[PDB]
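Okay, here we've got a single chain as structure tokens, the form deposited in one PDB entry, with questions on binding and movement later.
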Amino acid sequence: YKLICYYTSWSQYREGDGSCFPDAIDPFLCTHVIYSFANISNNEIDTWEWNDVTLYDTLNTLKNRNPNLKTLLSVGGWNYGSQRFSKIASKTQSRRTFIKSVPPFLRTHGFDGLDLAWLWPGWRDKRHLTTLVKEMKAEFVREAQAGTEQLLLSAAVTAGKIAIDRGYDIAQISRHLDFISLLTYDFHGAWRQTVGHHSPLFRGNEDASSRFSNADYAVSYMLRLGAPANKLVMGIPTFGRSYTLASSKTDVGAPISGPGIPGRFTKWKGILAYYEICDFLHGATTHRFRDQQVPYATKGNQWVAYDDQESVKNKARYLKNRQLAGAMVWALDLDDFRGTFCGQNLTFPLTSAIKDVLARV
């Protein structure tokens, strides 16, 4: 079973205890740690932060403690224009420059592979993504003849049916990819004017406005789309989402004035790290969507959907039962990485619960 964990670049800038560098990652936690994100500049893979070269180096030295640890670099993300990915991929010359540029850049900085994070191809892009992947792999195949062990290639895929049909030819890319991380935690559109959970595992009975909008839909659908189970990795979120409430209504359908106030360390309207969530829980009312098997919390005018040791465990049981290749965590800097907030001393409490479960019979 793989445990694929993301680390984010911009996490180093958060104040006081929120500051995370790759130094803090326990090297026996994950099987694969993925650095996010890399830029493309001059049609060529490239660093993003001013000091990525250093943080790459600090991450790749975690390999000294655990020589088996695999690392990847992720290209794209959202700060980065789909538009701009589209331009690179849809032309045979910009696509060629970029692909050729990737192996020596990985080798130089000590990575074992590439993660493609194009969020997200439009329908005109679908056929180019397929070509990118296909030719990117052939290049990793060509490079391996040089003696070093073959570079890994993975991709991050949205878990919403619409976005899947629109941008991906799953049958085709699964052939060349070493795994796919399914982004099963963006299932509650913020544009909706009500409460709701974003990584439910099951639809629930509550009403069924969408039956497609849950992890189990996403996984069965990829499998039916011809993604083999052994190349599929289910995404588990480590953060929560928050919404300010339009009333004292707090249950299914409860109306919303908008996103929740910024977390103290992440300072982003609508999102909270698990460590800022454990602190929010003090003085909160706690509930669990029985059917969707994930929790939520509320206090003052603030309502929060999130994952916990129990829901994270339960997802890991589900993916084993389904014989998926493993789990993906978003993300190491949003787990309680210091272990100081969440009562038990335990650091990376969310990621360790998964890890503990993956090891079970």
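All residue numbers are counted from 1 along the displayed sequence.
The following text describes the form deposited with a small molecule bound, which does not appear among the structures shown.
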Close approach of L334 to the small molecule in the bound PDB entry, 4.5 Å, heavy atom: yes
The small molecule contact at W78 in the bound PDB entry, heavy atom, 4.5 Å: yes
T266: touches the small molecule in the bound PDB entry, heavy atom cutoff 4.5 angstroms: yes
is_contact(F21, the small molecule) in the bound PDB entry, heavy atom dist at most 4.5 Å: no
Contact segment among 301 to 309, 22 to 30, 63 to 71, 326 to 334, judged by heavy atoms lying within 4.5 Å of the small molecule in the bound PDB entry: 326 to 334
